[PDB]
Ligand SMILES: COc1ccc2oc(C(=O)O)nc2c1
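Quick setup: one chain, the form deposited without this ligand, written in structure tokens, and binding and motion questions come after.
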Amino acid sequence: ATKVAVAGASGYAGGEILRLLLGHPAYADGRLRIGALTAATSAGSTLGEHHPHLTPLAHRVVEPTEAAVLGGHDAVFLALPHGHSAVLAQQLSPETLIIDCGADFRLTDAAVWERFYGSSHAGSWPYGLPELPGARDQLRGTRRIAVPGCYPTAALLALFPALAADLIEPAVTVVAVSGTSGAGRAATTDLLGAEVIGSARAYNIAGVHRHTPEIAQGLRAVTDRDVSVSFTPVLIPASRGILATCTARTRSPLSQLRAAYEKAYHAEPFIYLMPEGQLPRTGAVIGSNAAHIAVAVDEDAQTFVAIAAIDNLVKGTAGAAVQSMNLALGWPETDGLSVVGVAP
């Protein structure tokens, strides 16, 4: 069987990975085993003190996050979306399947990495967004997966079919609202319930957010032109969900743009192109690995508009990780991953 460890098990991404593994058919039939669950602090505590929703695992004792603890597993999830896991990954075998939820292996330009993260570039691993052109090929049987950021997932699914078909200009604007679990479980005044409830705020604006070059990198991969990205994230009083509104100038008719999205996504199990007249809502995808997408043309403004809704913790993080895990191990890509949201 495949023995899986989860480093960063007490955080939100780690808890969501474990929820999905508990429901995975390979866990049910014994082909997947949940092994070491580790954290940087609170080793010796039980998982129930961190994730009371995961009652089948409530008695598991959290262990320290160390290469020795993570060795001896066939697959290791590094469930630190805001952490830097290059040092730990360098201690693990190339034949161990490593799935990093953090950013350390996402970027392919060392100069861009140094500017936005202020450290030496660790390299790049196959990007865990199987729906991007060419990405599924790179993931099949890989032993290394860099899971995408949550905002780039929504923006790239909204924009890449139009840009790959050369139907929009390569200067794009993205304004995305997100629930607060995407900021992680570290306690901060600005993430307190009293602060977030009843309020919305943009943050890290005008190109300083580290997901900006990640969006640019994904879009540059489908075009020959210089790509520019205006990316604004907005925190809203929800625990989960990302609704990305993405725009770009266009000279193309809506019929041609719609056909490009139908062609890109008609056989993609997790991407749902809304019927004409319907628009995405994050409530409809919560708990699911689905992305709901709609496209339109603002004739007066000569502007293409694409809306994408995902669950930031599933298709934006842990669901992408499990989906890519399935591809890496040769299991059905959809195993353990529902398209049905938990609404209302």
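Residues that one form lacks are left out of the comparison. So that there is no doubt, residue numbering starts at 1 and follows the sequence shown. For the two forms, the rigid core is made up of the largest set of C-alpha atoms that agree within 1.5 Å on superposition.
Quick note: we don't show the form deposited with this ligand bound, though the next part is all about it.
**Student:** If you drop this ligand in as it sits in the bound PDB entry, superposing on the site C-alphas, does this form leave room, or do 3+ ligand atoms land within 2.4 Å of backbone or C-beta atoms?
**Tutor:** Blocked, going by where this ligand lands after superposition on the site C-alphas.
**Student:** Counting only non-hydrogen atoms, which stretch in 216-224, 184-192, 260-268, 123-131 is within 4.5 Å of this ligand in the bound PDB entry?
**Tutor:** Selected stretch: 184-192.
**Student:** Can you work out which of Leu80, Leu243, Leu92, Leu273 has a heavy atom no more than 4.5 Å from this ligand in the bound PDB entry?
**Tutor:** Spelling it out, the residue with a heavy atom inside the cut-off is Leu80.
**Student:** When the contact criterion is heavy atoms within 4.5 Å, does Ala154 count as touching this ligand in the bound PDB entry?
**Tutor:** No, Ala154 is distant from the partner.
**Student:** Contact between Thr317 and this ligand in the bound PDB entry at 4.5 Å, heavy atoms?
**Tutor:** Yes.
**Student:** Along 1-29, which positions have a non-hydrogen atom within 4.5 Å of this ligand in the bound PDB entry?
**Tutor:** Heavy-atom contacts within 4.5 Å come from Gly11, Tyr12, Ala13.
**Student:** Hey, after the core superposition between this form and the one not shown, which of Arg140, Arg249, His121, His82 has the C-alpha moving 2 angstroms or more?
**Tutor:** It is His82.
**Student:** Say whether the C-alpha atoms of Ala309 and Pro81 sit closer together or farther apart in the bound PDB entry than in the form shown here, given that their separation changes by 3 Å or more.
**Tutor:** More distant in the bound PDB entry, by 3 Å or more.
**Student:** Over in the other structure, so in the bound PDB entry, do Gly83 and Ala187 pull closer or drift farther apart at the C-alpha level? The difference is 3 angstroms or more.
**Tutor:** Here the pair is closer than in the bound PDB entry; there, farther apart.
**Student:** Superposing on the core, what residue ranges of at least 3 consecutive positions move by 2 angstroms or more in Cα between this form and the one not shown?
**Tutor:** 81-84 is the only stretch that shifts between this form and the one not shown.
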